[PDB]
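Visitor: Provided herewith is a single structure, encoded as structure tokens, for subsequent inquiry.
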Amino acid sequence: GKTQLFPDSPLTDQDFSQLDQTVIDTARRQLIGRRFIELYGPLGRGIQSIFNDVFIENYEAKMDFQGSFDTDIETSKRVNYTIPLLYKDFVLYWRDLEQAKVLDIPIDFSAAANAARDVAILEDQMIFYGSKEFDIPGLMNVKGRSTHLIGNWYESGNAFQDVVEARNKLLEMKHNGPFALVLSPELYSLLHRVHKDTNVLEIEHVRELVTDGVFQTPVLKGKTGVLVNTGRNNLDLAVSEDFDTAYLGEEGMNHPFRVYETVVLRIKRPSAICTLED
Amino acid sequence: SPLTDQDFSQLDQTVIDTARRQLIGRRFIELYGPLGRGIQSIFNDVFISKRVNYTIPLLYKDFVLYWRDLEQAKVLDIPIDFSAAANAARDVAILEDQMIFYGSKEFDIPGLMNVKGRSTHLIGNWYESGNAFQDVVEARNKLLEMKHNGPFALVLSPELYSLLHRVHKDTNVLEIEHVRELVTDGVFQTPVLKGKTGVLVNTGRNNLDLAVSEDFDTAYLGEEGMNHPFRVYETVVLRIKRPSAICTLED
Amino acid sequence: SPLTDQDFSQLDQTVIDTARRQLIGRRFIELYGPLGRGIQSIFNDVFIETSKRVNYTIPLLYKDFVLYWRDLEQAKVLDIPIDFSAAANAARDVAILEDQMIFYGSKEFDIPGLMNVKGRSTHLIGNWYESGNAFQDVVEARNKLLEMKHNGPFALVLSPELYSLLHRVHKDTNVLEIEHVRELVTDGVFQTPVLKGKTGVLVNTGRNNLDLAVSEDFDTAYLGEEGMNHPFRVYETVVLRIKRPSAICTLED
């Protein structure tokens with residue numbers, strides 16, 4: 001196992017397994033974008049860049065008697081994306097490890113949770129805004145997406161009207177699949193009032209149209225939201241290496257570790273995204 | 001055949017799963033078997049008997065796989081991307097649902113919302129409480145007066161389906177739970193219908209059915225410029241035998 | 001017969017299912033067995049509050065449909081299942097005729113029906129548009145039936161209009177009138193299109209009050225080839241015996 005990878009590690013196989021379990025459990029509870037985006041299978045270390053095809057037009061099926069000789073294919077542009085690396089560091093102290101070993105006390109993996117939280121926050125930020133250095137577009141700044149302006153959401157019923165208008169805008173472009181809604185926390189809290197007309201909570205009424213769930217993320221500030229047509233053919237996440245931990249070697253009698261992963265986001269059809277902005 | 005049998009199997013499964021998750025009409029309409037390729041037209045007897053002939057149409061959509069990506073896939077031993085196949089399969093299902101709910105004006109095939117001999121019900125303002133229940137009850141009464149007492153299915157536009165999500169006055173229950181026992185075959189919604197429209201249909205293979213010749217399938221169009229084009233196709237048609245067993249909630 | 005055993009079995013199954021899902025009277029009325037074809041008349045003793053014996057003649061109900069040789073030839077060539085569609089229409093028509101005979105009798109054979117027998121109770125209904133009136137009317141009808149030493153499980157049959165009018169919310173109550181009505185009527189509430197307007201019937205069920213004598217159930221017969229086509233006929237022989245006319249209350253306008 002991980003002991004073979006780092007034979008000079010203070011921990012044992014059980015401790016490494018517990019650390020990995022803690023890291024993955026902390027990562028799972030914090031990842032928002034992975035709740036409605038499919039994962040392209042783990043490729044491996046044999047790749048360092050990916051290819052993305054961006055479409056600009058949509059064609060529908062045809063009805064005929066026997067068929068046709070010509071083949072109709074939409075025009076697409078090919079681009080190259082560089083897979084970035086995201087990582088964080090934490091330290092374990094020798095005195096605490098020795099005391100736990102001599103007292104037969106379970107080891108406290110608290111810094112690993114903070115490292116995993118920071119890595120997850122960085123990944124969410126990259127997904128929702130893109131990497132400026134590598135020039136990778138994000139959900140809220142892609143080119144060719146639809147834009148909607150929201151009104152005053154303090155008055156009851158306005159949010160439902162805005163969501164309906166965004167859905168109509170997305171539907172007029174031959175997009176009928178299930179939708180997902182992501183909001184800033186300030187707007188998310190405003191949906192927990194009582195709809196006077198229907199005598200129900202506004203969030204419950206909104207959840208009827210958005211059948212893939214409504215989520216909120218802290219990376220969005222102020223009045224900000226996005227409506228996305230869920231589908232593998234529309235957007236995807238390519239993962240080279242998932243969340244993992246590495247031992248950096250002893251230094252100053254203290255043992256540092258690193259938590260790292262390599263992911264990227266591919267947007268195929270920018271027309272399947274609507275952004276609700278102030 | 002650039003792909004081996006495993007890749008073809010995954011392609012077929014991907015197309016089938018993508019199509020099945022989107023189809024609405026197949027959830028409450030029976031199929032008249034996979035007849036085969038030996039038939040090209042069907043006969044319908046409207047029992048009011050009048051015999052008509054319907055020509056079975058063909059629905060298809062094409063996509064393409066490139067060879068560089070495939071070769072890299074076998075080189076690196078990684079799963080093959082099939083996003084284009086799913087994107088193609090979605091549109092075929094959408095077109096099939098549109099044809100089922102509105103028919104083809106060029107093939108001269110009636111749809112559920114425009115067939116002759118049906119019943120029409122004018123709905124009221126659904127923004128209040130209880131109006132939807134009254135409208136559904138009246139539509140079911142109209143259907144019942146025509147010697148039709150069987151399982152019923154209700155299909156609504158998303159706007160009306162959302163409007164149904166309210167509180168039934170004086171009983172403190174959701175109206176949807178008060179409708180699900182009258183309409184014992186379920187309530188469905190589909191984006192095909194626009195505005196405030198709906199349909200109530202008495203199910204049963206003796207009232208209406210779907211005749212299919214070839215189900216969803218994939219065909220290789222042959223190599224072209226070292227690439228690989230593919231086609232996704234199917235041949236289906238809808239027969240309505242008792243037009244009186246349909247009530248359209250219009251506005 | 002052009003059909004083999006399998007097609008005959010399928011035809012019988014289709015006719016049986018169509019008849020079973022369409023018959024209303026058979027839901028709350030007992031059957032006096034399959035008697036057979038050795039009996040052509042029955043005896044009914046009416047108790048009036050004594051016994052009067054009356055001879056009833058068993059009628060025959062039938063309807064004909066046809067299969068076209070071109071369709072069976074095409075189905076045989078293409079190896080596709082045959083289409084038994086006219087049989088469903090014939091079975092539906094026969095069932096409708098039987099229900100009409102049960103609820104109104106035959107004037108030719110002077111057999112009384114449920115809504116026109118002599119020695120029954122009649123109740124005049126009010127305006128059922130207002131909430132609560134129907135509950136009061138049903139309660140009063142059951143009270144009328146109660147002061148006759150009749151307390152068995154009751155059954156209610158209504159016209160579709162009255163049946164639909166009953167699906168509102170009871171005034172000053174959370175529940176609908178359907179539940180309150182079904183509380184009193186423990187044998188179910190049925191509706192049929194045979195009744196027209198605002199009419200209904202409340203019947204104290206039981207073998208000793210009324211029953212059905214069936215000499216031959218639903219069956220199919222081959223009439224022989226004609227014009228290369230194939231006609232068939234669906235038929236049955238039933239009759240209704242009412243023994244205690246006092247156990248019926250008819251709601252009329």
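Order determines the names: the first chain of the structure tokens is A, the second B, and so forth; residues in each chain are numbered 1 upward, and ligands are numbered 1 upward as they are shown.
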Residues of chain C that approach chain B to 8 Å or less, counting only C-alpha atoms: could you list each one with the shortest pair of atoms and its distance in Å to one decimal, rows by chain and increasing residue number, as CSV?
Guide:
residue,atom,partner,partner_atom,distance
C:22,CA,B:149,CA,7.8
C:78,CA,B:38,CA,7.0
C:80,CA,B:35,CA,6.7
C:85,CA,B:206,CA,7.0
C:88,CA,B:206,CA,7.9
C:160,CA,B:141,CA,6.7
C:161,CA,B:141,CA,7.2
C:164,CA,B:141,CA,6.4
C:167,CA,B:137,CA,7.8
C:169,CA,B:170,CA,7.7
C:173,CA,B:170,CA,7.6
C:174,CA,B:171,CA,4.6
C:175,CA,B:171,CA,6.5
C:193,CA,B:145,CA,6.0
Visitor: For chain B, list the residues within 9 Å of chain A, counting only C-alpha atoms, and write the list as a ChimeraX atom specification.
Guide: /B:22,55-64,76-79,81-88,90-92,94-95,127-129,158-159,161-163,165-167,191-192,229
Visitor: Give me, as a PyMOL selection string, all polymer residues having an atom no more than 10 Å from residue 171 (chain C), counting only C-alpha atoms and skipping those fewer than 4 positions away in the same chain.
Guide: (chain B and resi 170) or (chain C and resi 130-132+175-177)
Visitor: Those residues you just picked out, can you put them in a file as an mmCIF file, in the first residue's frame with C-alpha atoms?
Guide:
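Contents of the output file part39.cif:
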data_model
loop_
_atom_site.group_PDB
_atom_site.id
_atom_site.type_symbol
_atom_site.label_atom_id
_atom_site.label_comp_id
_atom_site.auth_asym_id
_atom_site.auth_seq_id
_atom_site.Cartn_x
_atom_site.Cartn_y
_atom_site.Cartn_z
ATOM 1 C CA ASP B 170 -60.711 23.614 3.641
ATOM 2 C CA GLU C 130 -75.447 22.852 -2.512
ATOM 3 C CA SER C 131 -73.067 20.981 -0.228
ATOM 4 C CA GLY C 132 -74.611 18.607 2.298
ATOM 5 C CA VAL C 175 -63.226 15.525 4.312
ATOM 6 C CA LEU C 176 -65.160 15.215 1.050
ATOM 7 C CA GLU C 177 -68.709 13.908 0.756
#
Visitor: If you run DSSP over the backbone, which residues in region 39-228 of chain C end up strand (DSSP E)? Put them as number ranges by chain.
Guide: C: 41-47, 51-57, 61-67, 121-124, 154-158, 189-191, 200-204, 210-222
Visitor: Just checking: using only C-alpha atoms, which residue out of B:209, B:74, B:6, B:132 ends up closest to residue 238 (chain B)?
Guide: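 That would be B:209, the residue with the smallest distance to residue 238 (chain B).
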Visitor: Between C:199, C:246, C:6, C:133, which residue has the minimum interatomic distance to residue 82 (chain C), considering only C-alpha atoms?
Guide: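 Smallest separation from residue 82 (chain C) among the options: C:6.
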Visitor: Among region 149-248 of chain C, which residues does DSSP mark as alpha helix (DSSP H) when it is run on the backbone? Keep the chain and numbering as in the structure and answer as a list in words.
Guide: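 Everything in region 149-248 of chain C that counts as alpha helix (DSSP H) is residues 160, 161, 162, 163, 164, 165, 177, 178, 179, 180, 181, 182, 183 and 184 of chain C.
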Visitor: Do a neighbour search on residue 154 (chain A) at 10 Å with only C-alpha atoms, toss out local chain neighbours closer than 6 positions, and write the hits as a VMD selection string.
Guide: chain A and resid 187 190 to 191 193
Visitor: Keeping only N, CA and C atoms, take the residues you just selected and write them out as a JSON list (two decimals), in the first residue's frame.
Guide:
[["chain", "number", "residue", "atom", "x", "y", "z"],
["A", 187, "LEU", "N", -28.95, 35.03, -1.96],
["A", 187, "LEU", "CA", -30.16, 34.71, -2.70],
["A", 187, "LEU", "C", -30.77, 33.40, -2.24],
["A", 190, "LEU", "N", -33.05, 33.92, 0.63],
["A", 190, "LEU", "CA", -34.27, 34.65, 0.31],
["A", 190, "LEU", "C", -35.38, 33.74, -0.21],
["A", 191, "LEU", "N", -35.05, 32.51, -0.59],
["A", 191, "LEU", "CA", -36.04, 31.57, -1.10],
["A", 191, "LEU", "C", -36.75, 30.80, -0.01],
["A", 193, "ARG", "N", -38.91, 31.90, 2.25],
["A", 193, "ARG", "CA", -40.08, 32.60, 2.74],
["A", 193, "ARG", "C", -41.34, 31.85, 2.30]]
Visitor: Please compute the CA of residue 275 (chain A)-CA of residue 190 (chain B) distance, one decimal, in Å.
Guide: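 Distance reported for this atom pair: 24.1 Å.
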Visitor: Could you pull the residues within 7 Å of residue 122 (chain C), counting only C-alpha atoms, minus those fewer than 2 positions along the same chain, as JSON, numbers by chain?
Guide: {"C": [120, 124, 249, 250, 251]}
Visitor: Could you take the residues named above and write them with N, CA, C and O atoms, as a compact mmCIF listing (two decimals), in the first residue's frame?
Guide:
# COMPACT_ATOMS: atom_id res chain seq x y z
N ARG C 120 -91.77 -0.97 -4.10
CA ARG C 120 -90.50 -0.38 -3.71
C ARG C 120 -90.76 0.96 -3.03
O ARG C 120 -91.89 1.45 -2.97
N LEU C 124 -87.76 11.58 -3.23
CA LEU C 124 -87.59 12.74 -4.09
C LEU C 124 -86.38 13.53 -3.62
O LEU C 124 -86.35 14.01 -2.49
N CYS C 249 -84.89 1.33 -2.78
CA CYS C 249 -85.32 2.72 -2.69
C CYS C 249 -84.74 3.49 -3.86
O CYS C 249 -83.52 3.58 -4.00
N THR C 250 -85.61 4.06 -4.68
CA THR C 250 -85.20 4.78 -5.88
C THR C 250 -85.27 6.28 -5.65
O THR C 250 -86.30 6.81 -5.23
N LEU C 251 -84.15 6.95 -5.91
CA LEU C 251 -84.05 8.40 -5.80
C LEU C 251 -84.39 9.01 -7.15
O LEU C 251 -83.68 8.78 -8.14
Visitor: How many Å lie between CA of residue 153 (chain B) and CA of residue 14 (chain B), rounded to one decimal?
Guide: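 Those two atoms sit 29.3 Å apart.
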Visitor: For residue 227 (chain A), find every residue with an atom within 12 Å (counting only C-alpha atoms), except residues of its own chain fewer than 3 positions away, and show them as a PyMOL selection string.
Guide: chain A and resi 36+139-140+145-148+162-171+177-183+209-216+224+230+270-277
